[PDB]
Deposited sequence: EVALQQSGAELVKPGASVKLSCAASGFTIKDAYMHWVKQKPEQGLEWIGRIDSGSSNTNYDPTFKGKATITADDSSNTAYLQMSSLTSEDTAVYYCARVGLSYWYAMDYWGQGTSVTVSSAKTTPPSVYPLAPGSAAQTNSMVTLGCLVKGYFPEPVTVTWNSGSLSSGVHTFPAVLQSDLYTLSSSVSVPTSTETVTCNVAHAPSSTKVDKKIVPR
């Protein structure tokens, strides 16, 4: 049925060129026109161009001309987006669509351009202290520093802490990211661990936070 099969994600090195496929179903691309859309991180939506298969037409955005070459294998119902000599700015999500406006957007393929290698994260427990004379609040955290590529998975006590929990965005510190995770617990005495998971490097680390 009307479906737009993308990829989800791809890590291209810088300078390189990458083609992204987009398998269609429920309709024949041949009798339609695939669109390609660029969504940059934390930014807005922006059109690339669209291959009008049937009439052979395919018009771009002057602001994309050489970089993107939009093609389309009629006998695979896949439409294509070629990305040429990639840079940072080419790092964003690439949508498949049929934006006469229709709704029909694929899943998206996040493309990360980066000369970095899949590096294992570094987990440090932010233990606190500050015991008055019973007079206290309680909150702690974890620090997943430097690893590649995204994403990573922080959980506390394997899913007993959630509310009172927080998990801010992995900021980039030169090809590596760093993610903070905060958990407020009422005053107790026993274990508040931070399980960390990174599928890439095939890593999993459960950092118990013992007081300092």
_Missing residue ranges, deposited sequence indexing starting at 1_ = 100-104
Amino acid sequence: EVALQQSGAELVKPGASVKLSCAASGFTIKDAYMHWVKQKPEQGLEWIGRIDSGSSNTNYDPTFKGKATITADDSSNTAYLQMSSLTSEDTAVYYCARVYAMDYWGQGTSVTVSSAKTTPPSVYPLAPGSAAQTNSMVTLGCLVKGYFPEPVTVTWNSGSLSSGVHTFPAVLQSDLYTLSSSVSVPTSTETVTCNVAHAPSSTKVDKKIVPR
From here on, numbers count along this sequence of modelled residues.
*So 45-53 or 167-175, which one's hotter by mean CA B-factor in the entry?*
167-175
*Residue stretch of maximal mean CA temperature factor, 64-72 vs 177-185*: 177-185
*Tell me, please, which of 136, 87, 115, 77 has the highest C-alpha B factor according to the deposited entry?*
136
_Take the CA temperature factors straight from the PDB entry and tell me which of 148, 27, 33, 36 peaks._
148
*asked:* Which third, lowest, middle or highest, does the C-alpha temperature factor of residue 132 belong to within its own chain?
replied: highest
*Compare the C-alpha B factor of residue 203 with those of the other modelled residues in its chain, then answer lowest, middle or highest third.*
middle
*Please rank the C-alpha B-factors of the chain's modelled residues and tell me whether residue 23 sits in the lowest, middle or highest third.*
lowest
_For residue 119, the third of its chain into which the C-alpha B factor falls_ = highest
*Among the chain's modelled residues, which third holds the C-alpha B-factor of residue 101?*
highest
